[PDB]
Amino acid sequence: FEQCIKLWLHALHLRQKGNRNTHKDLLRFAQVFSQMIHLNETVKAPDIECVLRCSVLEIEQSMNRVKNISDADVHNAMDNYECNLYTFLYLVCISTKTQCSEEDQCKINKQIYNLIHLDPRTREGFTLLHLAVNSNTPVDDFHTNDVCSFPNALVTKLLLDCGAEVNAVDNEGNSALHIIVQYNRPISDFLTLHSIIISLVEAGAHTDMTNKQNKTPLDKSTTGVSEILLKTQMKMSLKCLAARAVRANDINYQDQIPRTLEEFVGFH
Amino acid sequence: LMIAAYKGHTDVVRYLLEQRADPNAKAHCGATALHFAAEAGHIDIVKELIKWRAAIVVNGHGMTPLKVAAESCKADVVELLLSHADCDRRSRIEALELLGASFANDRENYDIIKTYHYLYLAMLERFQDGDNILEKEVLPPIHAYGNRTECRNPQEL
Amino acid sequence: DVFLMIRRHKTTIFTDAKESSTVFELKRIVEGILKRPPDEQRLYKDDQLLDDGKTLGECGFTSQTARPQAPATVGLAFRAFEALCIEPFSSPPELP
Amino acid sequence: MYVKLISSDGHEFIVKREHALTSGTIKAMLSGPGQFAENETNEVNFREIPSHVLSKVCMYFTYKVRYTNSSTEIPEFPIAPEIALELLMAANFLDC
């Protein structure tokens, strides 16, 4: 697989230097890594970090392209950019699935940090965290479907380690915690529902934030296991209770509270 | 139907149930093809039988299909059978505890992290309300298992 | 584990006492902080006099009645005993 | 050992040290040139927040110290509609 990886990497470099679309190339390359993972073979780190750099560069270029383009090309660029985001997620899953050295892990963390601070968003507004914890995140029908499973407790911890905005919101206002609570396989998968909830909570997720329809994470929980497990990790605070009472009683909080507190009552 | 559910083939089970078969009929000991579908880990067969109202009844050993699935470290089948609109708290927590215990001592499915996590999940489900708190029926200590008298508190767990 | 509030005209004390206890323990722990002797202090609770150390339950506060969410306001009086002049907290402004 | 939590109305709200240290700027006020290292008063001045929001804050201190691990038995802390938007700013200022 070494020769195939090297040839694919050279082709990807040649296509990238020519300023051409590489979402399909990155997708096929991640499919190749997933197929190699499914065969239980040792994985090199330098190609992983090189393709991570290529993927973050391609996602930046896709954002640049979709920033101003025709409407049919808007749809094409949005589809290709979301596909690039998904392929970056698959690459992060591959990176965290294999064993890497300290400097290689540092370089991978640097690339993920660069993409996270780039702040990518899909059509619905899912960041990298809202997709790594979403069970509705699409996985390609090829070999990526074998090892890249979402929600993943290792991708999320990697994104939290690289500093993803934990309290980020979708177009509906759903945090990264409003999405993992409504997981449909709590008992079957009480290792990526526990190691994610206990990761988001300790990374600074407000376990009381309200989305656009005013539903807290334990109010947006479709299963009883998530409610039990979220209420264990959640911590009480008088700023949360008082803001919740302000929102519930429909009190006018406009210009009678600090500007940094008008946002706090915005979602609590 | 019982042997079809016990095997890994679900098309035959679907064809049988599509013509109003007997998913509530008893086998030798107690099996209603649910105790056989929830033995090798065939989630689709369990789903099909639950959809056509195969009912939950104890076998000759007093083992519900949920408890049989929990005994064989079948987390998927336990997840499916814990959502039945009539499961009861005592059965839900005993199935979770049995699943966690089964993960501790097994060869094909040996996970001690899953053991602790399912035991803790069933513990938190016991101790959540304070009022009408569910307490564990701790058996007297057994010399074979050291001298541990179960874990009826989350602190010792 | 019952949480009590000892209120004078201005000062206010937030203490905790065991259910299986008497009034003597809370008398001691309020004497320690306010440096006043137990015979001078009187638990003028709900416009009613109380005893010294007989029983927690008959005084008027129980585990359910006194909670950390809103503990029962137990007054305090000193010998000159003084009258109950517990100054109420400021009235919040009326919401629109 | 005990913290005297004055208010803007002059009310004293003596609570336990561990109960008051759950707040942030209470610990920040006690530290720095405000120790008064004789454990007799430990006063802190609140020249902006009224007495009733102190009542709610101290009740929350007892509420949090008592309720730190009790699963879902956590009782709902009652906030009056008029006292909210004043307990909110007070909890912001205290980093509560």
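Only the coordinates and a few stated rules stand behind these numbers; no lab work does. All Cβ positions, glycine included, derive from the backbone under ideal geometry; neighbour counts span all protein chains shown.
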- Task: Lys and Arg at +1, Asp and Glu at -1: add these up for the other residues within a Cβ distance under 14 Å of B:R20 and post the number.
- Result: 0
- Ranked from fewest to most other Cβ atoms within 10 Å of their own Cβ, B:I142, A:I180 fall in the order B:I142, A:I180
- Message: For A:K44, give me every one of the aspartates and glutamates with a C-alpha distance below 17 angstrom, ignoring sequence neighbours fewer than eight places off in its own chain.
- Response: A:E2, A:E102, A:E103, A:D104
- Query: So who's got an amide H within less than 5 Å of the one on A:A168, skipping anything under 5 residues away but keeping other chains? H placed 1.01 Å off N, in plane.
  - Reply: A:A176
- In whole Å, what is the distance between the alpha-carbon centres of the range A:175-241 and the range C:21-96? 41 Å
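Charges only on Cβ, +1 for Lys and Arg, -1 for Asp and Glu: so what's the dipole of chain C about the Cα centre, in debye to the nearest 20?
Working: 13 positive and 15 negative charges, 55 e Å.
Charge dipole of chain C: 260 debye, to the nearest 20.
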- Message: Relative contact order for chain A: what percent, with Cα pairs under 8 Å and sequence separation of 6 or more?
- Response: 14 percent
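For the range C:1-46, run through the GluC sites (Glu not before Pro) and keep only the ones in DSSP coil with at most 16 other Cβ atoms within 10 Å of their Cβ. Present the calculation step by step, with values, prior to reporting the outcome.
Values: sites: C:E19, C:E25, C:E31, C:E40; in loops: C:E19, C:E40.
Listed in order of number, the matching sites are C:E19, C:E40.
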- Query: trypsin sites (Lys or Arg not before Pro) within the range B:108-151: which are DSSP loop residues with at most 11 other Cβ atoms inside 10 Å?
  - Reply: B:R148
- Footprinting exposure proxy for D:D95, B:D131 (fewest neighbouring C-beta atoms within 10 Å first): B:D131, D:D95
- Query: Which of rounded, prolate, oblate describes the range B:12-157, given a ≥ b ≥ c as roots of the alpha-carbon gyration tensor eigenvalues and a/c under 1.5 marking rounded, otherwise prolate only if a/b is larger than b/c?
  - Reply: prolate
- Tell me, what HN-Hα J-couplings in whole Hz come from the Karplus equation 6.51 cos²θ - 1.76 cosθ + 1.60 at θ = phi - 60° for each residue of the range C:84-91, using x for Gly and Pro? 7, 10, 5, 6, x, 5, 5, 6
- Query: Under a 5 Å amide H to amide H cut-off, with H placed in plane at 1.01 Å, what residues pair with D:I49 once short-range neighbours are removed?
  - Reply: D:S8
- Scalar couplings 3J(HN,Hα) for the range A:154-164 by Karplus 6.51 cos²θ - 1.76 cosθ + 1.60 (θ = phi - 60°), nearest whole Hz, x for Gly and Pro, are 9, 5, 5, 5, 5, 5, 5, 5, 7, x, 5
- Query: Which value results when the Cα radius of gyration for chain C is divided by 2.2 N^0.38 Å?
  - Reply: 1.12
- Message: Mean-square fluctuation check for chain A, GNM, Cα pairs under 10 Å: which of A:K215, A:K17, A:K110 is largest?
- Response: A:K17
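Net charge around B:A38, counting only other residues with Cβ within less than 14 Å of its Cβ (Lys, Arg = +1; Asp, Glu = -1)?
Values: positive: B:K7, B:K47, B:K67, B:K74; negative: B:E39, B:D44, B:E48, B:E71, B:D76, B:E79.
Combined, the nearby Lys, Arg, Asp and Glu give -2.
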- Query: Non-local amide H neighbours of B:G30 (under 5 Å, H modeled in plane, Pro and chain starts lacking H): which ones?
  - Reply: B:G60
- Item | 13 Å Cα-Cα reach of A:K235 towards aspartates and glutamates, excluding residues that sit fewer than 8 places from it in its own chain | A:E202, A:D208
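Taking the beta-carbon count within 10 Å as an exposure proxy, list C:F89, C:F78, A:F264 from fewest neighbours to most. Write out the running numbers ahead of the final one.
Values: C:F89 18, C:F78 14, A:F264 21.
Going from sparsest to densest Cβ surroundings: C:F78, C:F89, A:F264.
I need the calculated FRET efficiency for the pair C:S21 and A:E263, taking r as the beta carbon distance and R₀ as 56 Å, to the nearest 0.05.
Details: r = 46 Å, r/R0 = 0.83.
According to the calculation, E is roughly 0.75.
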- How many angstrom lie between the C-alpha centres of the range A:71-131 and the range B:106-147? 40 Å
- Per DSSP H run of n ≥ 4, the term is -39500 (n - 2.57); total these for chain A, divide by its residue number, and report the mean residue ellipticity at 222 nm rounded to 500 deg cm²/dmol. -18000 deg cm²/dmol
